[PDB]
Undergrad: 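Handing you this structure, nothing more for now.
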Amino acid sequence: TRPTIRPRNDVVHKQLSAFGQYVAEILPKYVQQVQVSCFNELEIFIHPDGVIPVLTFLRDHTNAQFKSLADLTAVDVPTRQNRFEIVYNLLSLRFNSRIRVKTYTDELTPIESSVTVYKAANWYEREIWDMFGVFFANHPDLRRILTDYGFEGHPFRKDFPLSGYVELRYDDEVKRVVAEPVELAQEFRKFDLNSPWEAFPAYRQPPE
Amino acid sequence: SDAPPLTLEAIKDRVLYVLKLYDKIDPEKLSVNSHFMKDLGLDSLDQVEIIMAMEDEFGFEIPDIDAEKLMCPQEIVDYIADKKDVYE
Amino acid sequence: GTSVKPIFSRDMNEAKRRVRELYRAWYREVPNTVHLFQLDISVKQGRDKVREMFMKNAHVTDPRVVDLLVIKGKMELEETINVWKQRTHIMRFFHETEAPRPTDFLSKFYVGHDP
Amino acid sequence: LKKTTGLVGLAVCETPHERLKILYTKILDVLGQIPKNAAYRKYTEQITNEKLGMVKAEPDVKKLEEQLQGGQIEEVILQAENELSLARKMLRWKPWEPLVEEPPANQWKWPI
Amino acid sequence: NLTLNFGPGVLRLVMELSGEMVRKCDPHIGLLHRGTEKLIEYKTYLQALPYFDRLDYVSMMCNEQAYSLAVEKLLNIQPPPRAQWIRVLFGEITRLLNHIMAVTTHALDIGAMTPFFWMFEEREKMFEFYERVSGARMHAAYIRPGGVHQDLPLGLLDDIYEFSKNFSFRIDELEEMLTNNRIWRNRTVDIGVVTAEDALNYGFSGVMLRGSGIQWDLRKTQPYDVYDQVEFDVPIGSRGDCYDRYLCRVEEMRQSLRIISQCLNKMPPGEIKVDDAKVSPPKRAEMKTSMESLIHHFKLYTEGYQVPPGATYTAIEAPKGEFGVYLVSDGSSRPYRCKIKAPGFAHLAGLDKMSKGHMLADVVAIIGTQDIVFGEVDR
Amino acid sequence: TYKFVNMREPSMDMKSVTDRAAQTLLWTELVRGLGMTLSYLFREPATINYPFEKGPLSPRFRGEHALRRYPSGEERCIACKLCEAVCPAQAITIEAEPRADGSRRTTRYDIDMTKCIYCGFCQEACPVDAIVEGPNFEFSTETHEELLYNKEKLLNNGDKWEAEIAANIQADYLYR
Ligand SMILES: CCCCCCCCCCCC(=O)SCCNC(=O)CCNC(=O)[C@H](O)C(C)(C)COP(=O)(O)O
Ligand code: SF4
Ligand code: SF4
């Protein structure tokens, strides 16, 4: 491992693995899997019904006390039956650590809102509803936060076109700003940059 | 004339009048015993539209839990008679 | 099986009731919006547009889809109440500035390759 | 006695030993209703018993703060309250039960 | 109790007033939403790098550093020490630019407006340092996921030293005009008080934490580059009001000067990008004389480098607080997902809580002390 | 390590209380601020006399694009399309075909100056130093159309600026 390779820390890896086992032991009803990355990042995959309990545990247990909610986001993977993946990032100041909690959902299944646990989640949850269409139940007020008023569709889905469906301009006949079907003077050039000759054998998949 | 009690006749006249006010119902087909579905050809949206019009003239809020059962003008007039607590 | 988690309605009756309440709210609000935004349309046109937008989704037979649409409609109505939109946002529902696309085969054949 | 603990909204607690002992006793009493085999019960009982044994064996405050490894004893009382609330919520939730259900076939498979 | 819409950085604010007090204050955002996180998915990592300058345009090299750290963590590589020192030196310089901007803009919104020019002279000098190294005054794109793009010009360290030995007087003049002023104190003291527990729960970070008495700093608790090799102090407030945060920002400026001096004194020799031609492009002479170098230059500037699959969350102590990127890579040369966490989002979310029972004129002061730039808020 | 910014307890003796009362009643700090402003009034301003005086720049400056050529007179561009592929904003459009003598040359090279972000990726991805980002920055326009450069305009820019473009390239090419 020459100076061009990122150094590896084993103590943090062992500590994160031990804490993952500890958490999975405490809450066997909700946690479905625990992982520790090669760069010392611990993630926990749980059932959708365990959003409120597990988070509360990680915020209130004397040994976890993950006080801060750093980020909350969603990932769209259309090839999955449960399309959307919700990610919570928690930071514990007392133990100087970070954790990740992952949950799955689809278009029609709602996810219980975690505003009661973390207030910071509030706007984040709205953002998800604005960008992906995931509905959060028992939210103080759920509405669009980023897109234009009356915007149809959720832009951050993988099946949403990059340029959208409508474009704005100004019309003098009606003396106002109007929306028209989108027409581009130059079409967005699509590049097939992905190449054959796989680069990482460590991630090779079985040939089914 | 000043403020006589609401007769079961005047209520019927007012209900029938505001029914004629509807643009989708012609005066030569509806009756007091007519049904909104098959004798006049309306779906639920006109029914709520009709109900809303009645509320405005009458002045009393009608809950949705029991406004779906006002299916013909007969039970409509019975409903305002019961709500206004008027006998004969 | 095919058991799913509800949103607001257990069956189609409750979803229909919520649709009815949303329609009542929109019907009541149309004249206030027309007066306040100083629209060029009449109340009759606004109510007709509300009816058309409601009947556009008349073929939905899933209570979850129906009450999600109800949630979206309630959000849009709330957006309209607080004057969060402007005249342009309200008037985008009518496409007064877009040319009318034809429907028959011959016109579409003449204009271009669009099927 | 120290004043202005330094954290805004956190008040200075006079006689923190009694408050800590009461809170730990209440935490143990609530934990007593959780089933024995639950990992939460044994882990939290061990932690609370260790903290109670350390708080009962030190009359000083600064040395107790150093030993507890939490610092600023008032926030240790705050964390005790948080743990008590979590224990009650957990007794309500009952998360020691088996898994609700397995995820779909390739729910967590990455890439794709 | 009337409702009013302060309409069109640029912001829309719907608030209810009961006389002079503020009852509810709801900020409407989306006026600068361009969809950066979706446009990133259609670009390679190098092509997606410049978006982060546009993210927070008051602190640009910090965003570059955050993205570079995330990509390096995914790639399992590390930059040479000189690149890290340049990153740290530039990061400190950028912090000064951000703090000058925030303090002067807050004062100008209050109504002082003289320190704005006084310190924008120094901001212009800092632009020159940014310009000399990368050819751009503001949108630099200097910091790359392999290190830095180019080495320093031969006369840059001397100029940085000459500039940085006269900045203390500028900070002293700013404090003279603002710190002890009774009007400024009345405008700022005991305004927008936030408790430590509420600040933690509401997701606040940076000065908003440190102003409330919380001893937290990502450069000290979780150093990333050469920070564990530089000594500096972390200002901590005691009341959580606007005045404490202003004092914290001034002290952070002074500590940034300290770190800049340390970085200037302890500059090491060596290369400026990782000696891995499959990640960092080779030199022009090597490209024009060597076959492997030409092939690697071609493939890096046409297709890009493949990042092993995985998801990471990398956070740094940007001048506005904790700035983070959640990057998901599927193994190709284009990121699958790039979520950006900006402290302005959480701060503006907590604005409504922080402006309870305050005058209308206090909302402007609270917004100024939040250090809100809407590029990062809207993304 | 950490510092306290607002942890000073004012003295409560008679002298300090009297000093604070005198400060309140006589406005000493306001006079100090006025004196600071007055002192700043009597020093030289930092304003330069544009356009007769110009702000300093460096050889690395990115400005208006140009297409260079070899000393013999042949254009350096070989239609490798690396600059088009590396452009983050997709502002470069290239079309090419064999020339009359079989040389690999472009038939169309368009840069949309209203789409370009002036990041310099194009000039550093070029293997023959064909496309360069020149040092000119005063090229504002009264209409949108004239900001859509084609091959003729870029070649004219190269022929116009080649002197100082080559000087800057000579000054800076050892850092690349
Ligand atoms: C002034 C500008 C106006 C702008 C207008 C904005 C439009 C807002 C749109 C609100 C959101 C929706 O559409 S909510 C979508 C509504 N959902 C459904 O309709 C599903 C089930 N549909 C049915 O049951 C029948 O079609 C039905 C005829 C509805 C019932 O007839 P009856 O019960 O009688 O039998
Ligand atoms: S400077 Fe950047 S955006 Fe502009 S043409 Fe070159 S590569 Fe494209
Ligand atoms: S990179 Fe240079 S040689 Fe290649 S197409 Fe662009 S300008 Fe021509």
Side-chain angles (χ1 to χ4, degrees), chain A residues 150, chain B residues 36-37 42-43 45-49 68, chain C residues 12-13 15-20 22-23 25-27 29-34 37 39 41 43 45-63 65-77 79-80 85 89-94, chain E residues 47 50 135-136 141 298 301-302, chain F residues 62-63 65 67-68 75-94 96 104-106 109-113 115-133 149 151 154:
Chain B
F36 284 137
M37 314 342 284
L42 309 183
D43 38 8
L45 296 192
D46 321 282
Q47 208 292 122
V48 317
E49 281 189 8
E68 67 105 10
Chain C
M12 270 300 268
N13 295 352
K16 283 180 180 288
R17 177 208 137 231
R18 288 161 183 289
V19 171
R20 271 192 301 277
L22 184 58
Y23 185 85
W26 266 107
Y27 195 86
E29 178 64 38
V30 159
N32 286 1
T33 278
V34 167
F37 280 98
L39 298 201
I41 66 182
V43 184
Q45 293 185 30
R47 269 146 176 180
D48 280 357
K49 175 61 69 168
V50 169
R51 193 72 146 300
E52 171 187 20
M53 299 285 297
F54 262 83
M55 293 270 327
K56 169 174 323 321
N57 303 2
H59 58 68
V60 180
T61 75
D62 192 319
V65 184
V66 172
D67 69 8
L68 212 61
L69 284 169
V70 161
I71 285 166
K72 267 142 164 259
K74 253 182 298 153
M75 287 182 14
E76 162 132 4
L77 172 79
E79 229 161 273
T80 308
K85 312 176 148 211
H89 289 89
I90 292 293
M91 278 288 231
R92 290 198 192 125
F93 280 110
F94 294 84
Chain E
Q47 281 190 318
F298 190 104
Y301 276 107
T302 58
Chain F
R62 311 174 202 146
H65 295 73
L67 280 176
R68 309 180 56 221
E75 30 176 340
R76 290 176 171 256
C77 186
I78 50 177
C80 74
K81 282 174 199 83
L82 262 63
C83 58
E84 181 182 2
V86 84
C87 181
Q90 294 218 340
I92 300 181
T93 303
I94 306 177
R104 189 183 166 116
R105 284 304 173 287
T106 43
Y109 192 97
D110 305 353
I111 295 184
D112 175 335
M113 290 318 228
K115 267 199 265 199
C116 171
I117 76 180
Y118 303 84
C119 58
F121 285 4
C122 54
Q123 80 165 334
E124 83 193 18
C126 190
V128 294
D129 302 25
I131 183 72
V132 81
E133 204 159 2
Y149 289 7
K151 193 183 177 180
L154 295 159

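Counting convention: from 1, in listed order, for ligands and their atoms alike. Within every chain, numbering begins at 1; the chains are lettered A, B, ... in the order of the sequence lines, protein sequences first and strands thereafter. Only this structure's heavy atoms are used, side chains among them; waters, hydrogens and symmetry mates stay out.
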Undergrad: Counting only heavy atoms closer than 4.0 Å, does ligand 1 sit against the backbone of C:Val66, its side chain, both, or neither?
TA: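 Near ligand 1, C:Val66 shows its side chain, while the N, CA, C and O stay back.
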Undergrad: Please work out whether any backbone atom (N, CA, C, O) or any side-chain heavy atom from C-beta onward of F:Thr106 is under 4.0 Å from ligand 3, and answer side chain, backbone, both or neither.
TA: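 It is neither part, as no heavy atom is under 4.0 Å.
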Undergrad: So, F:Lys151 and F:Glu75, do they make that salt bridge, N to O below 4.0 Å?
TA: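 Salt bridge between F:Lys151 and F:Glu75, a charged N being under 4.0 Å from a carboxylate O: yes.
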Undergrad: If you measure from SG on F:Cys87 to NZ on F:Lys115, what distance do you get to the nearest 0.5 Å?
TA: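 Going from the SG atom of F:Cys87 to the NZ atom of F:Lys115 covers 9.0 Å.
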Undergrad: Would you mind running through ligand 2 and noting each atom that sits below 4.0 Å from a heavy atom of F:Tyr118?
TA: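 So the atoms of ligand 2 that pass are 1 (S), 4 (Fe).
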Undergrad: Do NZ/NE/NH1/NH2 and the carboxylate oxygens of B:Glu49 and C:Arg51 come within less than 4.0 Å?
TA: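 Counted as a salt bridge, because a side-chain N and a carboxylate O are separated by less than 4.0 Å.
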Undergrad: With backbone taken as N, CA, C and O and side chain as the heavy atoms from C-beta onward, which portion of F:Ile92 lies under 4.0 Å from ligand 2: side chain, backbone, both, or neither?
TA: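 Within the 4.0 Å criterion, F:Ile92 contacts ligand 2 through side-chain atoms alone.
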Undergrad: Suppose I only count heavy atoms of F:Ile131 and a 4.0 Å limit; which atoms of ligand 3 are within that range?
TA: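 So the atoms of ligand 3 that pass are 7 (S).
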Undergrad: Which of the numbered atoms in ligand 3 are under 4.0 angstrom from any heavy atom belonging to F:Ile94?
TA: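 Close to F:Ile94: 5 (S).
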Undergrad: I want to confirm something. Looking only at heavy atoms, which of C:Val19, C:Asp62, B:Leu42 is nearest to atom 16 (C) of ligand 1?
TA: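 The residue whose heavy atom sits nearest atom 16 (C) of ligand 1 is C:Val19.
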Undergrad: Please identify which atoms of ligand 1 are closer than 4.0 Å to at least one heavy atom of C:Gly73.
TA: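 Counting from 1, the qualifying ligand atoms are 10 (C), 11 (C).
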Undergrad: Is the distance between atom 2 (Fe) of ligand 2 and the nearest N/O/S atom of F:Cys119 smaller than 2.8 Å?
TA: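 Coordinating: yes.
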Undergrad: At the 4.0 Å heavy-atom cut-off, does F:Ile117 count as touching ligand 2?
TA: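 Yes, F:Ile117 has a heavy atom closer than 4.0 Å to ligand 2.
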Undergrad: Out of F:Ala91, F:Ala89, F:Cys122, F:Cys116, who is nearest to atom 7 (S) of ligand 2 when you count heavy atoms only?
TA: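 Among F:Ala91, F:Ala89, F:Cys122, F:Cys116, the closest heavy atom to atom 7 (S) of ligand 2 belongs to F:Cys122.
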Undergrad: Which bit of F:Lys81 gets closer than 4.0 Å to ligand 3, counting heavy atoms only: side chain, backbone, both or neither?
TA: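 Near ligand 3, F:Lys81 shows its backbone, while the atoms from C-beta on stay back.
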Undergrad: Is there a donor-acceptor contact under 3.5 Å from the side chain of E:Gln47 to the main chain of F:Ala85?
TA: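 Checked: pair present.
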Undergrad: What part of F:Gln123, side chain from CB on, backbone N/CA/C/O, both or neither, has a heavy atom under 4.0 Å from ligand 2?
TA: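 Neither; nothing of F:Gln123 gets under 4.0 Å from ligand 2.
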Undergrad: Return yes if some donor-acceptor pair links the side-chain N/O of F:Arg76 with the main-chain N/O of F:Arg68 below 3.5 Å, else return no.
TA: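 Answer holds: no.
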Undergrad: Among C:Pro31, C:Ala58, C:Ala25, which residue places a heavy atom closest to atom 26 (O) of ligand 1?
TA: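 Going through C:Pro31, C:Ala58, C:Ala25 one by one, C:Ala58 has the nearest heavy atom to atom 26 (O) of ligand 1.
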Undergrad: Under a 4.0 Å heavy-atom limit, does F:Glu133 contact ligand 2 with its side chain, its backbone, both, or neither?
TA: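 For F:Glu133, the contact with ligand 2 is made by the side chain alone.
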Undergrad: Taking 4.0 Å as the limit for heavy-atom contacts, which would you say applies to C:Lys72 with ligand 1: side chain only, backbone only, both, or neither?
TA: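 The answer is neither; C:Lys72 stays 4.0 Å or more away.
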Undergrad: Of the choices F:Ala79, F:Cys80, F:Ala96, F:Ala85, which has the non-hydrogen atom that lies closest to atom 1 (S) of ligand 3?
TA: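 Nearest option to atom 1 (S) of ligand 3, by heavy atoms: F:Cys80.
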Undergrad: Measure the NZ-CD distance between C:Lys72 and C:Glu79 for me, rounded to the nearest 0.5 Å.
TA: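 Reported to 0.5 Å precision, the distance equals 11.5 Å.
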Undergrad: Taking the side chain from C:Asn32 and the backbone from C:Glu29, do they hold a donor-acceptor pair closer than 3.5 Å?
TA: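 Side chain of C:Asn32 to backbone of C:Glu29: no pair is present.
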Undergrad: Taking atom CZ of C:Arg47 and atom OH of C:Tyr23, what is their separation to the nearest 0.5 Å?
TA: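 The CZ atom of C:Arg47 sits 8.5 Å away from the OH atom of C:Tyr23.
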Undergrad: Looking at E:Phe298, I want to see if its CZ is surrounded by more than 12 non-hydrogen atoms of other residues, nucleotides or ligands under 6.0 Å.
TA: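 12 or below, so no.
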Undergrad: Does C:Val60 come within less than 4.0 Å of ligand 1, judged by its heavy atoms?
TA: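 True for this residue.
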Undergrad: Got an N, O or S from F:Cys83 under 2.8 Å of atom 8 (Fe) of ligand 2?
TA: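 Coordinating: no.
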Undergrad: For F:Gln90 and ligand 2, answer yes if some heavy atom of the residue is under 4.0 Å from a ligand atom, otherwise no.
TA: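 Heavy atoms of F:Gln90 never come under 4.0 Å of ligand 2.
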Undergrad: Heavy atoms only: which of C:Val34, C:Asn57, B:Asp43 is nearest to atom 20 (C) of ligand 1?
TA: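 Heavy atom nearest to atom 20 (C) of ligand 1 belongs to C:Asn57.
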Undergrad: Checking a contact table here: which protein heavy atom is nearest atom 8 (Fe) of ligand 2, and how many Å away?
TA: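 Minimum-distance protein heavy atom for atom 8 (Fe) of ligand 2 reads F:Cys87 SG, 2.3 Å.
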Undergrad: Which option wins on minimum heavy-atom distance to atom 5 (C) of ligand 1: B:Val48, C:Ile71, C:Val50?
TA: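 Selected option, by shortest heavy-atom distance: C:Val50.
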